[PDB]
């Protein structure tokens, strides 16, 4: 039968496989014959050590570029502090070589791996766009363990070039099937940050991935939000194990940590899934993640069952990825119908927020039209509002099926008086629900202060299809 890797640190890779059920079920996918052969992954980060003993065999210059110095070679810049170790650590998680007596193995240890050196310098809009749009008919999957500052007061996302890169990627990338963008949801847990204030994670074009500790808890660094899709293991406290990967200067590390370690594991699992069905679209991939991810034994105080019987948490999305279940479901997967977009402008007049504002609206979700949606994918509440202290706001959106999504939780450090300017708060929690019916938006002041402001626009944007539903869970 299948023989598991013999690498010296493979037994330390607790998150890949084990008797204990606290893993991503990756060996089961390996046993089905999927190891990433023929799939190309690129790490958008601070560079990749292309000559690393556990990366060299899988390295792909076609999946690589150096946008910081404008050359083809993504070799990290070496410093005493080893500042530029981050990308190499991420790459090893995806595609470290197996059975070569070195370190551990990648989730997709036969995939090809590249890196874009783009974090080691000023990260402009143009820098991001040129990275996100690198060789989009060669690279299948992009992994990004970076984003806006996690100070818990920033609201920021892709500017014009980067957003255009996303739309070009999902539309024309991978032969029209769409580039797969995998994002780390953030490290702002300590600052009480929300990953919905991050336009990269909040994007419908990215699969935003959160973290769980070995013992199944929400890590200190974790950011909760409704835009998160699913979860992979990463670090926790000092009694919990961490991530084993390739390190700078041709070394091995057993202490890769934080949100940074979760996205690459998801990218690796998605690589195995694409090997099992190369015809999957970018939206297909998100459907697979929703259907197969596992809540069980993940601890959270906010698990809720949505309209179609799936458990969902703001800390974890639909739960832990399950590689075995992903590759199995992928094989006979029927391509989803083309994406519809139903735009519903909710307000007829501006509304003062005060202590609390509730906006109720019954919608038909474009009944009778080509964009009629009976099967929701992503939903956005695009909000424009003024307020004197942004971080005192909490915002909830309730679907017709009764699913309460927290669009925005209180952010104690966010003192901004700039409000929100058509910010597209996104939720994945009503996936596969029928969006026809009453939606409810709640905006409330969570502090005792006499705050003030006005909601001047609320566009409900629904994405999805009108066919192909499963019997609820």
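Residue numbers count along the first chain shown, from 1.
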Between 139-147 and 100-108 (mean CA B-factor, as deposited), the higher: 100-108
Comparing 323-331 with 218-226, the one whose average Cα B-factor in the PDB entry is higher: 323-331
Of the residues 353, 269, 161, 182, the one carrying the largest Cα B-factor as recorded: 353
Highest-ranked of 439, 425, 420, 34 once sorted by CA temperature factor in the record: 34
Residue 362 by Cα B-factor - lowest, middle or highest third of the modelled chain: middle
Among modelled residues of the same chain, the CA temperature factor third for residue 462: lowest
Chain third (lowest, middle, highest) by recorded CA B-factor, residue given as residue 205: lowest
Chain-relative CA temperature factor third for residue 282: lowest
Residue 445 CA temperature factor, ranked by third within the chain: middle
